[PDB]
Amino acid sequence: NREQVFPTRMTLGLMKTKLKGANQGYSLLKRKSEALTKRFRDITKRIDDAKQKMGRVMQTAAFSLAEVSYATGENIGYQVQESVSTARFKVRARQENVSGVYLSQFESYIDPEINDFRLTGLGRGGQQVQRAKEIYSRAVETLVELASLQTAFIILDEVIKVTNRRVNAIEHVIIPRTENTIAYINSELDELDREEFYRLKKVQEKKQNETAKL
Amino acid sequence: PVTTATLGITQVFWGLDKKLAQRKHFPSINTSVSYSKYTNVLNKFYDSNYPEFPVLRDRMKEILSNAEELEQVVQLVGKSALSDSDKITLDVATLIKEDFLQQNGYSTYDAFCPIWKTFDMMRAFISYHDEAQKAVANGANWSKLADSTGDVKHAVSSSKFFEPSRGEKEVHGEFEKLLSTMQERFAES
Amino acid sequence: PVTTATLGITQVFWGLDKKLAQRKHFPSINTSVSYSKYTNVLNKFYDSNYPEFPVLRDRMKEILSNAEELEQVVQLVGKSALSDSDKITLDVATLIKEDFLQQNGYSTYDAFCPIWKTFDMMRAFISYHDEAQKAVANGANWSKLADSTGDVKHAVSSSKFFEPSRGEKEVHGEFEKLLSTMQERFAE
Amino acid sequence: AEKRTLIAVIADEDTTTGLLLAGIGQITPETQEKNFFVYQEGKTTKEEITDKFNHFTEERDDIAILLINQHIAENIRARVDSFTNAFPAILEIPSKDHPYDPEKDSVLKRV
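We count residues from 1 along each chain, following the written sequence rather than the entry's numbering, and we skip any residue without coordinates. All chains are assigned letters beginning at A, and all ligands numbers beginning at 1, according to the order in which they are written. Taken together, the chains in view make up part of a larger assembly, and the values describe this part alone. Side-chain descriptors were evaluated using all non-hydrogen atoms of the structure, hydrogens and water having been removed beforehand. Residues with missing side-chain atoms are left out of burial classes, side-chain pairs and their counts.

Just give me the short version of the overall build of chain D, but keep the residues and values in it.
By definition, any uninterrupted DSSP run of H or I lasting at least four residues is a helix, any uninterrupted run of E lasting at least two residues is a strand, and each is numbered from the N terminus. Per the secondary structure count, chain D includes five helices and five strands. When the helices and strands of chain D are read in sequence order from the N terminus, they spell out β-α-β-β-α-β-α-α-β-α. Taking 13 Å as the expected radius of gyration for a compact globule of 111 residues, we find that chain D reaches 13 Å, a close match to that expectation. In terms of principal-axis extent, the alpha carbons of chain D reach across some 40 × 30 × 25 Å. We call two residues contacting when some pair of their heavy atoms lies within 4.5 Å. For chain D, the proportion of contacts with a sequence separation of at least 24, taken over those separated by at least 6, is 74%. As defined in this context, the radius of gyration uses C-alpha atoms, and a globule is described by 2.2 Å times the residue total to the power 0.38.

Have a look at this one:
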């Protein structure tokens, strides 16, 4: 229930400083948890909105792809799979510092080396294929933003969990153990002071008796 | 001052913890602070009678110390981050503290646990820990492994009830079958 | 009680730092607990010889105190989100602790750091801190700025190695050249 | 991490074709691996889909964002739940004639 520290005048001061530091850390960590939790509710609302928007965009892109396939008269899936040597779109992670944490946010990019699509050799419906490709690229950008927000959500949830765990651990173990150690050290110092007082009282009584005899 | 002087003069320190005195964990010997300076000089008797006894007690001390450190970690940072080996260490140390170390002094079975029964019990607990560690190192998930080998774990936890009045031979026969029934169950899972 | 009485009756008190002594940082003099009540009367000598010296030592103490507070907060909260100026203060005070306050009494270069050399080193350190703060306030990222000005940081850290045997003119001349490259190298 | 720079698509044939047209996926010739592997309910099996998802999440370290169809994720719900790691991200994009289910979303379940 308390730290096994040998009582001392310096040890009492060191443990009082440790208690003050633990209280300060507990207050600052609670403030950090509160701020991160406010950002967490904001991120959850953004995730819900982005999920709805991504569903709508995916439905629109599916409709556009179906229209393009109908115009072309055949499935362009085989051609797309054949022309999959390199990816025109790439995502580079960016370590944005949101509040106290540094949760990463993905950033999309376009590579023009293999930017050519499967429009050639599709037979017909080149304009429809281009429109479907543009819609799919827009939906991919929206999904990349949603995935970046999702990763930020996961990282922020982990950081909030560990921060609240540390806050509860401090407030329920470190502060009580340090306070009990302070009380025990103060009690032991009081006992030592009482022993010294009693020894000095014996010395004084002996001196008084000797003076009375002489 | 009396305690400090007695610790200075004596050679064996059976420190009792009131935390274990409560919750009826007797004997309440505090394994952390307790020591015995006759461990080394008893090596002759142990080599004569029970050669593996010092090795088993060293292994039990290592398990208990590792679990004490892991529990000090867990009480602050939760038990989720632990590895499967740490899970095994904590589980087997709880088993040791609840079955082997704790000995009810007013029950017929554990009123007097002689040296041969104690040695066989150490063999059982250490072999259970080693089998769990080996089976998890082979790749088994510890949760499913414990669910499967709960029978062996409870057989080890029930080793206390082997009455020493049955005799050295009869009790040793019951412990020999315990180890054989332990390896097969862990091999099966 | 003897230390308490001495604190009551004395005018200067150089305080032992247990933390600095455990890291074998010599001299292990606690900056927070120590004091010197002779600065007010020694202001006359400082104005006579080295006019800007007291301002520089107050700046150094301010930097060390701010870094102590920020280091406590860093130990508390992991230093995940630190302002650029706060990182500048921490780095500058770590440099000050490692190079200026710390000196090998048995080393030939730092056996006896004269008052003029100490003033020049303080000029160098405070100018480095001020230049870094101004550069970051202009908008430069601290990480890239430190990567670029590692040469200047090494120069000020190695300024303690300037042998005082070369004389006041030679040592102070090199410090002025070191101070000159401070502004030129911090332009980028 | 900076090494993970790719888009993973394990959705239906139409969604995979759309992602390929947008340029999300790629097939590495040197590594003989495709970032976007076409897989449907009829194609392969649930175990094969789960193995491919696990390879994309762990073996394919270049993959940073994974797009999995809701129908595909329905049979790989256990794998999606087990993939609690933040990187790579997992998104339950709806497939053709399969509307997105908020309940079936792994991250939305954590909410």
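Outline the overall build of chain A, listing residues and values.
Per the secondary structure count, chain A includes three helices and two strands. For a compact globule of 214 residues, the expected C-alpha radius of gyration is about 17 Å, and chain A comes in at 35 Å, more than 25% above that figure. A sequence separation of at least 24 residues applies to 76% of the contacts in chain A between residues at least 6 apart.

Explain the interface of chain D and chain A to me, using residue names and the numbers behind them.
Contacts between the two partners involve 22 residues from chain D and, on the opposite side, 19 residues from chain A. Sorting the residues of the side of chain D that touches chain A by element identifies α1 (13-22) and β5 (89-93) of chain D as the ones contributing at least two each. The element contributing the most residues to the side of chain D that touches chain A is α1 of chain D, with five residues. Residues are grouped as follows: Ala, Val, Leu, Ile, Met, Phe, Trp, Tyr, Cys and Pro are nonpolar; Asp, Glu, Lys and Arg are charged; every other residue, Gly included, is polar. For the side of chain D that touches chain A, the residue count by class is 15 nonpolar, six polar and one charged.

Tell me what's going on with the sheet that holds β5 of chain D, and back it up with residues and numbers.
Residue and element names in this part refer to chain D. Following DSSP output, two strands are said to pair if at least two bridges run between them. Read across the open sheet, the three strands follow the order β1-β4-β5; overall the sheet is parallel. Looking at the sheet topology across the chains shown, the edges are occupied by β1 (7-9) and β5. When the angles between neighbouring strand axes are averaged without regard to direction, this sheet yields 20°. Where β1 meets strand β4 (residues 65-69), three bridges bridge the pair, whose relative direction is parallel. Bridge pairing links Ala-8 to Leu-66 in β4. The axes are straight lines fitted to the C-alpha atoms, using for helices just the contacting stretch, and the angles between their N-to-C directions are given from 0 to 180°.

Now, about the interface of chain B and chain A: what can you tell me, with residues and values included?
Facing the four residues of chain B at the interface are four residues of chain A. In terms of residue class, the side of chain B that touches chain A is made up of two nonpolar, two polar and no charged.

Tell me about the packing of aromatic side chains, and please be specific about residues and values.
Each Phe, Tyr or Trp ring (for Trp, its six-membered ring) is paired with any other whose centre lies within 6.5 Å, and the angle between the two planes then decides the class: stacked below 30 degrees, edge-to-face above 60, tilted in between. Their ring planes at 65° and their centres at 5.1 Å tell us that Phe-162 of chain C and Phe-175 of chain C sit as a pair that is edge-to-face. Here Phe-162 of chain C is found in the loop between α8 (150-158) and α9 (168-185), whereas its partner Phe-175 of chain C is found in helix α9, with 13 residues between them in sequence. Aromatic rings pair up to connect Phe-45, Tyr-46, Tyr-50, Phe-53 and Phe-119 of chain B into one cluster. Stacked on the ring of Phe-161 of chain C, the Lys or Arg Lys-160 of chain C has its end atom at 5.8 Å from the ring centre. Whether a charge sits over a ring depends on NZ of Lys or CZ of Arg being within 6 Å of the ring centre and within 35 degrees of the ring normal.

Go over the pattern of salt bridges with me, naming the residues and quoting the values.
The residue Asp-120 of chain B makes a salt bridge to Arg-123 of chain B at a minimum N-O spacing of 2.5 Å. Highlighted residues: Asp-120 of chain B and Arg-123 of chain B, both in helix α6 (residues 115-137), separated by three residues, approximately one helical turn. Across the salt bridge formed by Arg-57 of chain C and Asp-58 of chain C, the nearest N and O atoms sit 3.8 Å from each other. Only one rule defines a salt bridge in this text: a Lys or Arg side-chain nitrogen within 4 Å of an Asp or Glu carboxyl oxygen.

How would you sum up the arrangement of the chains? Please name residues and give values.
Ranking the three pairs of chains in contact by number of contacts places chains A and D first. With no contact between them, chain B and chain D keep their nearest C-alpha atoms 14 Å apart. Regarding chain C and chain D, which are not in contact, the minimum distance between any of their C-alpha atoms is 18 Å.

Explain unusual backbone geometry to me, and be specific about the residues and the numbers.
Cis geometry marks the peptide bond from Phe-26 of chain C to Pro-27 of chain C, where omega comes out at -5°. Within the fold, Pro-27 of chain C resides in the loop between α2 (18-22) and β2 (29-36). Each neighbour pair has its own omega, and for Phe-87 of chain D with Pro-88 of chain D the value is 0°, a cis peptide bond. Tracing the backbone through its elements, the reader meets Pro-88 of chain D in the loop between α4 (77-82) and β5. One non-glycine residue, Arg-23 of chain B, adopts positive backbone phi at about 55°. In the Ramachandran plot, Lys-24 of chain C falls in the positive-phi region, its phi being about 55° despite a non-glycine side chain. With respect to the secondary-structure elements, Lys-24 of chain C resides in the loop between α2 and β2.

Hey, could you go over the packing of helix α3 (residues 126-213) of chain A against α1 of chain D for me, with residue numbers and the actual values?
Packing of α3 of chain A against α1 of chain D brings their axes to within 8 Å, and their N-to-C directions diverge by 90°. What the angle tells us is that α3 of chain A and α1 of chain D run roughly perpendicular. Here α3 of chain A contributes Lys-133, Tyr-136 and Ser-137 of chain A to the contact with α1 of chain D, which in turn contributes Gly-18, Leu-21 and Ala-22 of chain D. When grouped by side-chain class, the residues that make up the contact of α3 of chain A with α1 of chain D number three nonpolar, two polar and one charged. Angle categories are assigned with fixed cut-offs, so that under 35 degrees is roughly parallel, over 145 is roughly antiparallel, 65 to 115 is roughly perpendicular, and the rest are oblique.

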